[PDB]
Structure formats: structure tokens, C-alpha cells
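Each remark here refers to the structure printed beneath this line.
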Amino acid sequence: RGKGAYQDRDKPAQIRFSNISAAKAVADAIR
Amino acid sequence: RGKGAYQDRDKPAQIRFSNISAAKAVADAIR
Amino acid sequence: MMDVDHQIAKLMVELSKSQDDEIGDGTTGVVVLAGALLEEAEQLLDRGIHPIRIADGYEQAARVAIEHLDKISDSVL
Amino acid sequence: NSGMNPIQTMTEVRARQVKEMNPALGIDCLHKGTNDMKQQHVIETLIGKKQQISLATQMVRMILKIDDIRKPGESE
Amino acid sequence: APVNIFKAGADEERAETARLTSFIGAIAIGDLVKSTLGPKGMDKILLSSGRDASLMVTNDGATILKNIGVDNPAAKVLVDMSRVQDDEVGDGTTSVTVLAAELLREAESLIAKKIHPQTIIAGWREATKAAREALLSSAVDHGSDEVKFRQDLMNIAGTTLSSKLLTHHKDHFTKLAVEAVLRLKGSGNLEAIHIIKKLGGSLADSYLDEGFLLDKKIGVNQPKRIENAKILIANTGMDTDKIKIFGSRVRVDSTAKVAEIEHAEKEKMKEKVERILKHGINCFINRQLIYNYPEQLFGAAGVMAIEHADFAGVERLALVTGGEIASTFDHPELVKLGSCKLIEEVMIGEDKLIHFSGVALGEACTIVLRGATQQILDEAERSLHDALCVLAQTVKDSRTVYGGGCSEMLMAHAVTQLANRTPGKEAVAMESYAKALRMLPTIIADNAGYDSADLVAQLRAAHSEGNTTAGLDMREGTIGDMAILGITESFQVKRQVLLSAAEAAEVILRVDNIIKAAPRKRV
Amino acid sequence: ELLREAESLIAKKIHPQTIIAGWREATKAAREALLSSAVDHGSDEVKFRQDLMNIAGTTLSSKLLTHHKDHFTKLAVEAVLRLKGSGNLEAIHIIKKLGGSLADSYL
Amino acid sequence: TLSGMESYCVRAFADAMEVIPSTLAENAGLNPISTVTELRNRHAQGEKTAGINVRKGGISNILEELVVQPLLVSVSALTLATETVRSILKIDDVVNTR
Ligand SMILES: Nc1ncnc2c1ncn2[C@@H]1O[C@H](COP(=O)(O)OP(=O)(O)O)[C@@H](O)[C@H]1O
Ligand SMILES: Nc1ncnc2c1ncn2[C@@H]1O[C@H](COP(=O)(O)OP(=O)(O)O)[C@@H](O)[C@H]1O
Ligand SMILES: [Mg+2]
Ligand SMILES: [Mg+2]
Numbered sequence: 019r020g021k022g023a024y025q026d027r028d029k030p031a032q033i034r035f036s037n038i039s040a041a042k043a044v045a046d047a048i049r
Numbered sequence: 019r020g021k022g023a024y025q026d027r028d029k030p031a032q033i034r035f036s037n038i039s040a041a042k043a044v045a046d047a048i049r
Numbered sequence: 080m081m082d083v084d085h086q087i088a089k090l091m092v093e094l095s096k097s098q099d100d101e102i103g104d105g106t107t108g109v110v111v112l113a114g115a116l117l118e119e120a121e122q123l124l125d126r127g128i129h130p131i132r133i134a135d136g137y138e139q140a141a142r143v144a145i146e147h148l149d150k151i152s153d154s155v156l
Numbered sequence: 465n466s467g468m469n470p471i472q473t474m475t476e477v478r479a480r481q482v483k484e485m486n487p488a489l490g491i492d493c494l495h496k497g498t499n500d501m502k503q504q505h506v507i508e509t510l511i512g513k514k515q516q517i518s519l520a521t522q523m524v525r526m527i528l529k530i531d532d533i534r535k536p537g538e539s540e
Numbered sequence: 007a008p009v010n011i012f013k014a015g016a017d018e019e020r021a022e023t024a025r026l027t028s029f030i031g032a033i034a035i036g037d038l039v040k041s042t043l044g045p046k047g048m049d050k051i052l053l054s055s056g057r058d059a060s061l062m063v064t065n066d067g068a069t070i071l072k073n074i075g076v077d078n079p080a081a082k083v084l085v086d087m088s089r090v091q092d093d094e095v096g097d098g099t100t101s102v103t104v105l106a107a108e109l110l111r112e113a114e115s116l117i118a119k120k121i122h123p124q125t126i127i128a129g130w131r132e133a134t135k136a137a138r139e140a141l142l143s144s145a146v147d148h149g150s151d152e153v154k155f156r157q158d159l160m161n162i163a164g165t166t167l168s169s170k171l172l173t174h175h176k177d178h179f180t181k182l183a184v185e186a187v188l189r190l191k192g193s194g195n196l197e198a199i200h201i202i203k204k205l206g207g208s209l210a211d212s213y214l215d216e217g218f219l220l221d222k223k224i225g226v227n228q229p230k231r232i233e234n235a236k237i238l239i240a241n242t243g244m245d246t247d248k249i250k251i252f253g254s255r256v257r258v259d260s261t262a263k264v265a266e267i268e269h270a271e272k273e274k275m276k277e278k279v280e281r282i283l284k285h286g287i288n289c290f291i292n293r294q295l296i297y298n299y300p301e302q303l304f305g306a307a308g309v310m311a312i313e314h315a316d317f318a319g320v321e322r323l324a325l326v327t328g329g330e331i332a333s334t335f336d337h338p339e340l341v342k343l344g345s346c347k348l349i350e351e352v353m354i355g356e357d358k359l360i361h362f363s364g365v366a367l368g369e370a371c372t373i374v375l376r377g378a379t380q381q382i383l384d385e386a387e388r389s390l391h392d393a394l395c396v397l398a399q400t401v402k403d404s405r406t407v408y409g410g411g412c413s414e415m416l417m418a419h420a421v422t423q424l425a426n427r428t429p430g431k432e433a434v435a436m437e438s439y440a441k442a443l444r445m446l447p448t449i450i451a452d453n454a455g456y457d458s459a460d461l462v463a464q465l466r467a468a469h470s471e472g473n474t475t476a477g478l479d480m481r482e483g484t485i486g487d488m489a490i491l492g493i494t495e496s497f498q499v500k501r502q503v504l505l506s507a508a509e510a511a512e513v514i515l516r517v518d519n520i521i522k523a524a525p526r527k528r529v
Numbered sequence: 108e109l110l111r112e113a114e115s116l117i118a119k120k121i122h123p124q125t126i127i128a129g130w131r132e133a134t135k136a137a138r139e140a141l142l143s144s145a146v147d148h149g150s151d152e153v154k155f156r157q158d159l160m161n162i163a164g165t166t167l168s169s170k171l172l173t174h175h176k177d178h179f180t181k182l183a184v185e186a187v188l189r190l191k192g193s194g195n196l197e198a199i200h201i202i203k204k205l206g207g208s209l210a211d212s213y214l
Numbered sequence: 442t443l444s445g446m447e448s449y450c451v452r453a454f455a456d457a458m459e460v461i462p463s464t465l466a467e468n469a470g471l472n473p474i475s476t477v478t479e480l481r482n483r484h485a486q487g488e489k490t491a492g493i494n495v496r497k498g499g500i501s502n503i504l505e506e507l508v509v510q511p512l513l514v515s516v517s518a519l520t521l522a523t524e525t526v527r528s529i530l531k532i533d534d535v536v537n538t539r
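Here's what the structure looks like:
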């Protein structure tokens, strides 16, 4: 069996990548 | 006992008075 | 607390304020009663009755309502 | 507002005040059993209801005795 | 795609506002036509902003959705769903719109329960398969014993017209709808029943004509009524023929030869009419226009001439008189003529119409709708069209089910019985399918003003132990037997309500991304 | 969530004053559930100080101080324990300084 | 003779029939309060041909003044108007088509 299924249909999975991509631009600016 | 209560929270109780008041203006125009 | 710029409905605002200043309990019922006296006068207006003749008929009718309301009245405070 | 019918309730209470002497007979929301307002202790002041009929009659007289409106148009 | 957007004027959303705009736009469509469902539901009046607004009141859910013009992308699926329901069975367009919206409303309740949307699709496919067996096993067939089939047809027209403007006219309009399809005696072409709308009079003054009515009255100096006539129709050109040779001129040397050609042209037009009257006829119907030169020839011979009836007017006359089109007149022994008794002209609403009274082999009807306003006649035409289309398919499929909420509780019982024999992953989606099927008798019960919380609870308790024919009684406001009251619907109508709403809710629930393009001329 | 369930009672044609009178009897029964299940602590103060760390451990679990319950619970219990009187909530002056981790904070 | 909610609507149907004598008395310069009241007193006695006399300025016989109205004019005015107002209370939902 699959032992459950957790459907996560919400916003902040995409905003979490926005904080990652913004902090990568700061680290590459003063690289 | 009250033997029930029919709550009618919807639109067309007010639009039914609009069709009455519009037809009264036509009957008073050619009165 | 309304922004009604209508001079007839502004008199209904001062009617509810005058009930609050004198007695202070029937400010809601004095507007439904005043709207009921004017709604029943709409059908009498179409029958050719003069509006002052309706107003003179309301004073002779409200005088009976004052004298009949003073029949059963007692308190032992 | 209580969920009843205005014709089926007002006709029954008004007919009972003519067959007998007129009691303290009104209505209620949960209705408290019977419709006797003296048993349900629904007590209002005499001068409260006296000024409800007196002020509404005089305000109707000042809005029936008017046959012209001289309001302006726009603000400026 | 919102972050670092690479679009010009287009916007999109993924799994956050995609299902949010899909559930808002689809419920608001179903909540719009919610008040028009049932025998006590009100009607809508549709109006435009101006520029020949042409107000058209309709109670049928297909005509409401086809004129509103919804801007929501997911709401156009339910608009197109009700369009196919009107074109296939002609009924249940309002019932398929509320049922498809109540499925997505129960699917919106599964948002916070963290159910996977593919599990709801797999749960509803097993729920729809269990609901097909509930309607198929409860369908009542009718073969022989035709006195029970004609009584069954009046229950179909009585159920369809009860939810329309023809409320207190079931003693007359049921006979106008049953006998119209019964006079077809064949295929449901749905065009031999020509509905004529005339102002003046009440709806009780409407009637079904025993013959056929037409316009474009009989000539100038021609007889108006001929008893025991032979009707011959045509689809040929009478005058100014220019016969099929493009690039042919009259190149003569003198003007005296032009007078000989134009006399030879009128002799061939006279010889064509002389070939028509060799059949021994008294009436003539041409689909094209008849000019003055053949009109004098029919008037001198005592023959009628009905010019330019309609393109589909000669088809109804060929089905009501028993003849043929006969566009070529060169074999009188191979042309079958029509039959009639009276071709007198009747006056309906200060307009003279040609009444074909007493026709033989009359497989065509004419409903003379008379109403108070034009808004009533436009509503009664669509109300009769929603009743004739079901009876044209009830004679093709005689299977009928018990309507009035009885069919929906039978479908909801078969899903709930199989929802308990499933694991908990798909059993929650099957219970939401059965709750949406019970909403369809709940909308009917609450539109009349009854206690919808108790009547559907009495229907669920009745169908749980026997009572396969128990339904909702909208006359008194209780639970009664549908076989006694005679509230039945067709099997193919109730199947298309269940099947098309389950397929349309499958499409919208599977949408996780709405990428709309940039529109043109919108700034 | 009360008004979300009240939105579900829109289509059921329930009168809104019936929902108000139904919730007043429901809230009265809900007060008796918390009052009968409340655990008091008078004497035996070695179990009350353990009970106070369960209050601060539950409050700080829903905040940013997730993996600091071994330190910030002792910083919160002993701060109120050093008051020895009324909870004025102004004698505990919190000074915020940059530099260092949250484990470097102290009372 | 009726009961229930039907008895309050036929009285509303009968009170709406008094508008046309109230319209005819008001346009003629007569008092419409006493004209329709006197007309109900004449028809209760048995005067079926009583109406408003615009020449004398009161209530008199109609057939003496040669005022003749056909039956199809008044029947179709009552049948078509009742069938219209039976639909306006049934057709009530404002949908603005785009
Ligand atoms: N228990 C009850 N049973 C029946 N009627 C009641 C009861 N309590 C209050 N009412 C009615 O509700 C009304 C409330 O009026 P209210 O709005 O308070 O007037 P005002 O606006 O002047 O204060 C009263 O007129 C009273 O008759
Ligand atoms: N006499 C009746 N008793 C009980 N229910 C009825 C009766 N007449 C009609 N109904 C119900 O009213 C509903 C009307 O649906 P309708 O709006 O005609 O659907 P559609 O728009 O698809 O044709 C039907 O589903 C039917 O069950
Ligand atoms: Mg139908
Ligand atoms: Mg907390």
C-alpha cells in the first residue's frame, strides 16, 4: 500500500523558491 | 409550537418590488 | 451615522433622535411606524383625497390611540 | 422576524381580543408557551408608546403638507 | 511563472488561484439557475445594455447560460455542457447545471481535507458506475398495451411543463404536446410541428390545428377555397428563368425579332404551366417566387397559387398531404399529388392564414400559440420545445424512471451502499458524490418554501429500506408514491443529467493551471 | 471556523437567530468541559514548577524558538519566579543585541 | 365565501377594479371619494347600468346617456391583464446580458 497521501495545494511552495533565488543574487553580487 | 421557520435570505424579494413600482409609474403616466 | 443627503429622510433621522432625547427606547419602532403611516397614505392619495385631509384624519385617529392606551396601567414600585 | 406568517399570526391574536375582554396578548420568538404578555412579563412604559404615536403622527403631517422641492443640481 | 514573468499582457495561476477561480466561477453559475429548478421555481428576465436589447425571458437553463456571456474560463465548460443537453434530449439543462456545480462545491470541501484531486476523479468514476445501475434497474419499459403507454406519455409532458410558465394549463397543453408527437407516426424530425405565435388572447385560447396553417395568401384573382382538391407543390422557377446557360445572349439584327423572342419566352412559360394543370390539380405551392405572367394562367384556370411559402414549408406540406416535391413537370403518371378537404382562409389575430383543413396522411402539426405579451409567447415556445423533444425520444426509448426526486435518491443510495465497501482513501470522495445527488431534491423542496432539511431526510430513510418509487410530493408538501401521482421522466433524460455532469466536473477538477492569453482590442 | 460553518447554514435555510441561540447553549456546555477538567496546584511546589515549564514549553513550541526549549524555558520560568509577586510585566527588561546565536542568550 | 390566503387576494383583485371609476371621476373634475362610494351603493340595490355621468356631473343611468361598450373589449382587457400580472410575480431575476 501507499500508506497515505498528503496533498499540499497551497501558496508557499513557490515563495520558498523566491527567497532562495533572491539570496543567491546577493551572494553572487559580492562573490 | 411554531412548526418550523422558513428563513428566506436571498435577492428577489427586493426585485419583485421593483417590477411593481415600475408598472405603477406606467399606469400613472397614462392615467 | 448615515450619509443620507435627502431632506425627507433627514427628518426620519431627527425623528429617531427626538425619541432618544425624550424617552430613549423606541427609536427603532418610531421609524417603522412613520413609514407605515406614509405607506397607507399612498393608496389614499390615488383616490383623490387631499393630503391635509389625510393629516387631519390622522390627528383624530391618533387621539383615540392615546386615550385607549391609558386603560390598563399599574406599577407598584 | 420570528419566522412566522404575518397574516396567520395577526388574525388569530386580533380575533381573540374581540371574543373576550382585550388581554395582554402579543407574540414572541420562542413564544414561551402561550401568547399572554402578562405571563411572559413583557412590560413597556406608557409614555414610551405614547410618544411613539404622537411623534410619528406629527412627522407624517410635516411630510404630507409639502408640495414643492427646491433642491439644487450639482455642487458647483 | 509569476516569478520572473515572461509574458507580455497574459497572466496565469498555478494551484492557488486556478482552483479558486474555477470553484468560484462554477458555483456562481449553478447558484444563478438554482432558483429556476423545480415546479415552484421562479423565472429570470434577461436584458442587455441597449442597442436592440431584445428581452427574452427563459426558465430553461440552456437559454440563460447561452446569452449571459460569462468571462470566467471554467464557467464556460458548464455553459457548453447545458448547450449539448438542450441539443440531445432537450430537457434537464437546469438539472445538469446544478448537479455539476454541487459536485465542485463538495470538491471545494475536500480542499481543506488535503485529498488528492486524482483520488476524487477515481472515486467519482466508481460512483458514476454505481449510479448507472440504479437508473437502469429502475427503468420501466412499455411495449404493448398502448392504453398504458399513452397515459405514460401524459406523465412525461406533465412533469416537463410543470417547471415552466405553463403552470395552470396542464389540462390543455399536455394534450397539445402528446397529440403533436402522436400525429408524427414515425421519426422525431422536430420540424413538422410548426409553432405559430400570435398576439391576442390567453394561453387557454391556444389549440392544436387539425390541418396546417400557412402565409403568403392565394394570388390576386384566384379562388380562396376549393373543396376536395388535389394539392401539388413545386420547387421550380416560374418567371425570369435564365435557364442554366451562362453566357448566352440574344444577338439579332432588328427590333422585330426581339418581339418574336419575348413572345416565344412567354409561350414557353405558358407551356410550363400547361404541363402543371395536366395533373388535374386545384392548388399550387412554389418555394420560389411566382411573378405576374404565370399568376394570370393559374387564375384563369381556377387553380390556386401559393408563392414563396418557405424553404422548409414545402417539406411540411409534403408530410401533411402525402405528395412529393415535383420540381420537374414532364411525367404526370409518376407525380403523387396531395389530398385535402378545405383550403379556406382563417383569420387569427387580424392576419389571414391559409388553413389546410381535412388533410390525409397528416404527419405534421401546427400549434397556434396565443399569449398576452410577446414575452409569454417566447417563453411558451421554448416551454413547448422542451416538451416535444422528450416525447419525440420517449417514443424511441420507452424506458421511463420516476422523477420528482425519486430518481436522485435511487442513485444516491447505490453510491452510499458501495461507499462502505471501499477503503478510506476513495470512500470520502464517494460520500461527496452521494451528497450532491441529494442536493437535487433539496433545491426542489426549498424553492417551494418547504422544510428541505426534513423532506430529504424522509426520502433517505424511505429509500434505505424498500420504497423504490417514493419521491417528493410538491402538491401538498410531503412524501408520496411517484407511481400513484404519475410523476415520471425519461430514462435518457435522467441519464444525460448524471453522465454529462460527471464528465464536466471531471474536467474542471483536473485543472491545476489556468494560463489565459492576452486578449485583442481590450485596453 | 464558526462563520465558515455558518456559511454552510445559508443553503439550509436556518434562521440566523436560531444559530445564535443554539451557540449560547453550546458555549455554556463548553465552559463546563474546561472547568471540570482544570488541574489546580496549591501546595507541593516541586510539581508546580514542573507544571510551569510545561506552560512555557507549549507556548515556545509554536514560535521561532523551536530547538531552544532546553534554554529558553529556564529563561522564562525563572524570570517570573524571580518576581515573587504581581505580574507587572515591566521589571523584565529585554535587551536585544546583535551578534551570537540564540543559545548565547541568557538571563 | 373563501378562506385562507385566497380571501386576501380576491379582495386585492376587487379593490384594483375600483381604479377605473376612480380614474374616470378624477379626470371629470368630480370628487373620486364620494363617486365610487355612491357607485357601490347603486349596484348593491340592483342598478347594473349605473355609472359616472360626465354630462350631468354625477351618477346616473348609463343607457340613458347611450354609452355602450362591447363585451369583447372588457373581457379581453381583464383576461390579458390578469395573465400578464400572473407572470411578473413569477418572472423575477435581473440578469444583465453582456
Ligand atoms: N419577549 C418579547 N416578546 C414579544 N415582543 C417583544 C419581546 N421583547 C421585545 N419585544 C418587542 O420588540 C420591540 C423592540 O423595539 P425597540 O427596537 O427596542 O424600540 P426602540 O428602537 O424605540 O428602542 C418592542 O416594541 C417589543 O414590543
Ligand atoms: N410534478 C412534479 N413533482 C416532483 N418533481 C417535479 C415535478 N415536475 C418537475 N419536477 C422536477 O423539477 C425538475 C425540473 O428540471 P428542469 O429545470 O426541467 O431540468 P432541465 O433544465 O435539464 O430540463 C426535474 O428534475 C423534476 O424532477
Ligand atoms: Mg424539464
Ligand atoms: Mg501560544
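Protein chains in written order, with full-length UniProt numbering: chain Y, 19 to 49; chain F, 19 to 49; chain B, 80 to 156; chain Z, 465 to 540; chain P, 7 to 529; chain D, 108 to 214; chain E, 442 to 539. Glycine is no exception: its CB is placed at the ideal position from the N, C-alpha and C atoms.
Where the alpha helix (DSSP H) containing residue i begins and where it ends
i, result
"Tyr439/P", "430-443"
"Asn537/E", "Segment 532-537 is the beta strand (DSSP E) holding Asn537/E; no alpha helix (DSSP H) there."
"residue 531/P", "No information on residue 531/P is available, as it lies outside the stretch 7 to 529 that chain P covers here."
"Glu19/P", "Careful: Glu19/P lies outside any alpha helix (DSSP H), inside the beta strand (DSSP E) at 17-20."
Those residues which DSSP pairs with residue i across a bridge
i, result
"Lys50/P", "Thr64/P"
"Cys395/P", "Paired residue(s): none; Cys395/P is not in a bridge."
"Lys72/P", "Answer by DSSP bridge pairing: none, since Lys72/P is not bridged."
"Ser389/P", "Its beta-bridge partners do not exist; DSSP assigns none."
"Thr125/P", "DSSP output for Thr125/P lists no bridge partner at all."
Delimiting residues of the beta strand (DSSP E) encompassing residue i
i, result
"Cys289/P", "289-292"
"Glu495/P", "494-496"
"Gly477/P", "476-479"
"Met310/P", "Where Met310/P is concerned, there is no enclosing beta strand (DSSP E), given that its DSSP letter is neither H nor E."
For residue i, three-class secondary structure by DSSP
i, result
"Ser466/Z", "coil"
"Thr106/B", "coil"
"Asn468/E", "helix"
"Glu488/E", "coil"
"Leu116/P", "coil"
"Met446/E", "coil"
"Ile11/P", "coil"
"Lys96/B", "helix"
"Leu359/P", "strand"
"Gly114/B", "helix"
"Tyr408/P", "strand"
"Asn494/E", "strand"
"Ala240/P", "strand"
"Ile199/D", "coil"
Tell me whether the segment 195-213 of chain P and the segment 371-379 of chain P touch, counting them as touching only if at least three CB pairs, one residue from each stretch, are closer than 8 Å.
yes
Around ligand 4, what residues have a beta-carbon under 6 Å from a heavy atom of it, in chain order?
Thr166/D, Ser169/D
In chain order, what are the residues with a CB under 5 Å from some non-hydrogen atom of ligand 1?
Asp104/B, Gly105/B, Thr106/B, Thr107/B, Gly108/B, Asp492/Z, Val506/Z
Say whether the segment 292-309 of chain P touches the segment 218-227 of chain P, bearing in mind that this needs 3 or more beta-carbon pairs closer than 8 Å, one atom from each stretch.
yes
Would you be able to state if there are at least three C-beta pairs under 8 Å between the segment 421-432 of chain P and the segment 158-171 of chain P?
no
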